[PDB]
Amino acid sequence: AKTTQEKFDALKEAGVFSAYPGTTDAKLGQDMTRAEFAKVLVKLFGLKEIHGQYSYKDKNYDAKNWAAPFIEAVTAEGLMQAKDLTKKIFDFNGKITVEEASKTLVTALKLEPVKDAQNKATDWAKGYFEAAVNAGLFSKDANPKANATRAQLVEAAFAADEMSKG
Ligand SMILES: CO[C@@H]1O[C@@H]2CO[C@](C)(C(=O)O)O[C@H]2[C@H](O)[C@@H]1NC(C)=O
């Protein structure tokens, strides 16, 4: 049974995960931005980067933003969307939460959100989070509302990859 560090090392060699920005450290206890996680999803699921399209109005979300091709890909794929459909705000620099990551992976894996889900998650996410817990993507005592640690994201990505091979 691989450790989180072993899983990270496998995913890093595969080009799916990177070290913590500006370092060579895995920093498994640190958090991850929504921008960085969009890139993880693109690499994990083999999505095509989308250049020259901008679906959001966040300040400094434009052609100079390195993450736009990744964010656009996960948007086109239906994995991520805005937090605010009026102002069209993705919150690219906000940290990805456990329940947000759960939605992306449940969606990519074509798992059914759980009806009548009763758990700690924000209302919109209860079904997604429950499906992710039931599939072993996050541990049962993970806080859906917390920022996901890099460890948790490695564990979840690794399990998603295992579920995508066949
Ligand atoms: C606060 O609104 C929620 O925002 C969530 C942000 O995280 C993800 C995973 C996303 O699509 O990026 O899920 C979003 C939720 O669907 C929800 N957004 C909307 C428009 O209902």
# chains A, B, ... in the order shown; residues from 1 in each chain; ligands from 1
>>> residues_near_ligand(ligand="ligand 1", cutoff="12 Å", atoms="only C-alpha atoms and all ligand atoms", output="PyMOL selection string")
chain A and resi 33-35+37-38+41+56+71-72+74-108+121-129+144-145+147
>>> select_by_dssp(residues="range 40-127 of chain A", states="strand (DSSP E or B)", output="ChimeraX atom specification")
/A:84,89,95,97
>>> residues_around(residues="residue 142 in chain A", least_positions_apart="3", cutoff="9 Å", atoms="only C-alpha atoms", output="list in words")
residues 98, 133, 138, 139, 145, 146, 148 and 152 of chain A
>>> write_last_selection(atoms="C-alpha atoms", output="compact mmCIF listing (two decimals), in the first residue's frame")
# COMPACT_ATOMS: atom_id res chain seq x y z
CA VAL A 98 -12.32 19.23 -0.08
CA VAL A 133 -16.29 9.60 0.59
CA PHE A 138 -11.46 11.44 0.74
CA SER A 139 -11.48 9.87 4.20
CA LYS A 145 -15.48 22.88 3.91
CA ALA A 146 -11.76 22.93 4.66
CA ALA A 148 -7.84 20.44 0.86
CA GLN A 152 -5.53 14.87 0.46
>>> atom_distance(atom1="CA of residue 114 in chain A", atom2="CA of residue 130 in chain A")
6.0 Å
>>> closest_atom_pairs(of="range 41-79 of chain A", to="range 4-23 of chain A", cutoff="9 Å", atoms="only C-alpha atoms", output="tab-separated table")
residue	atom	partner	partner_atom	distance
A:41	CA	A:16	CA	7.9
A:42	CA	A:16	CA	8.2
A:43	CA	A:16	CA	5.0
A:44	CA	A:16	CA	5.7
>>> atom_distance(atom1="CA of residue 164 in chain A", atom2="CA of residue 140 in chain A")
22.0 Å
>>> select_by_dssp(residues="chain A", states="alpha helix (DSSP H)", output="MDAnalysis selection string")
chainID A and resid 4:13 34:45 68:76 98:108 126:134 150:162
>>> residues_around(residues="residue 149 in chain A", least_positions_apart="6", cutoff="6 Å", atoms="only C-alpha atoms", output="MDAnalysis selection string")
chainID A and resid 29:31
>>> atom_distance(atom1="CA of residue 154 in chain A", atom2="CA of residue 40 in chain A")
9.7 Å
>>> closest_residue(among="A:116, A:58, A:161, A:155", to="residue 1 in chain A", atoms="only C-alpha atoms")
A:155
>>> decode(residues="range 122-138 of chain A", atoms="N, CA and C atoms", output="mmCIF file, in the first residue's frame")
data_model
loop_
_atom_site.group_PDB
_atom_site.id
_atom_site.type_symbol
_atom_site.label_atom_id
_atom_site.label_comp_id
_atom_site.auth_asym_id
_atom_site.auth_seq_id
_atom_site.Cartn_x
_atom_site.Cartn_y
_atom_site.Cartn_z
ATOM 1 N N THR A 122 -21.228 21.999 2.586
ATOM 2 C CA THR A 122 -22.120 23.072 2.131
ATOM 3 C C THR A 122 -23.273 22.451 1.334
ATOM 4 N N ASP A 123 -24.472 23.019 1.427
ATOM 5 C CA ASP A 123 -25.666 22.392 0.810
ATOM 6 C C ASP A 123 -25.453 21.914 -0.643
ATOM 7 N N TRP A 124 -24.909 22.772 -1.505
ATOM 8 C CA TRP A 124 -24.710 22.411 -2.921
ATOM 9 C C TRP A 124 -23.809 21.193 -3.123
ATOM 10 N N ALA A 125 -22.925 20.946 -2.148
ATOM 11 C CA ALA A 125 -21.888 19.944 -2.263
ATOM 12 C C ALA A 125 -22.153 18.634 -1.519
ATOM 13 N N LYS A 126 -23.224 18.542 -0.741
ATOM 14 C CA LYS A 126 -23.419 17.347 0.093
ATOM 15 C C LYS A 126 -23.405 16.063 -0.702
ATOM 16 N N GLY A 127 -24.115 16.053 -1.825
ATOM 17 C CA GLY A 127 -24.156 14.873 -2.667
ATOM 18 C C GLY A 127 -22.821 14.499 -3.285
ATOM 19 N N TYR A 128 -22.081 15.500 -3.739
ATOM 20 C CA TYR A 128 -20.751 15.277 -4.319
ATOM 21 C C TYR A 128 -19.793 14.745 -3.272
ATOM 22 N N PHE A 129 -19.759 15.395 -2.120
ATOM 23 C CA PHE A 129 -18.861 14.983 -1.067
ATOM 24 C C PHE A 129 -19.170 13.553 -0.634
ATOM 25 N N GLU A 130 -20.449 13.243 -0.452
ATOM 26 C CA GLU A 130 -20.801 11.885 -0.025
ATOM 27 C C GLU A 130 -20.348 10.844 -1.043
ATOM 28 N N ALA A 131 -20.557 11.135 -2.329
ATOM 29 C CA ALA A 131 -20.123 10.200 -3.345
ATOM 30 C C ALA A 131 -18.591 10.009 -3.294
ATOM 31 N N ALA A 132 -17.869 11.101 -3.059
ATOM 32 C CA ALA A 132 -16.400 11.031 -2.974
ATOM 33 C C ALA A 132 -15.935 10.192 -1.765
ATOM 34 N N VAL A 133 -16.571 10.396 -0.617
ATOM 35 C CA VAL A 133 -16.294 9.602 0.593
ATOM 36 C C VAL A 133 -16.596 8.128 0.293
ATOM 37 N N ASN A 134 -17.758 7.851 -0.311
ATOM 38 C CA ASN A 134 -18.152 6.479 -0.499
ATOM 39 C C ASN A 134 -17.207 5.765 -1.454
ATOM 40 N N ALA A 135 -16.608 6.489 -2.402
ATOM 41 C CA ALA A 135 -15.635 5.951 -3.339
ATOM 42 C C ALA A 135 -14.201 5.923 -2.802
ATOM 43 N N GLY A 136 -13.978 6.417 -1.591
ATOM 44 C CA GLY A 136 -12.641 6.408 -1.019
ATOM 45 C C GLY A 136 -11.722 7.515 -1.501
ATOM 46 N N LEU A 137 -12.281 8.529 -2.168
ATOM 47 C CA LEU A 137 -11.454 9.639 -2.642
ATOM 48 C C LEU A 137 -10.980 10.525 -1.508
ATOM 49 N N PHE A 138 -11.821 10.703 -0.487
ATOM 50 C CA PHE A 138 -11.464 11.443 0.735
ATOM 51 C C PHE A 138 -11.878 10.542 1.890
#
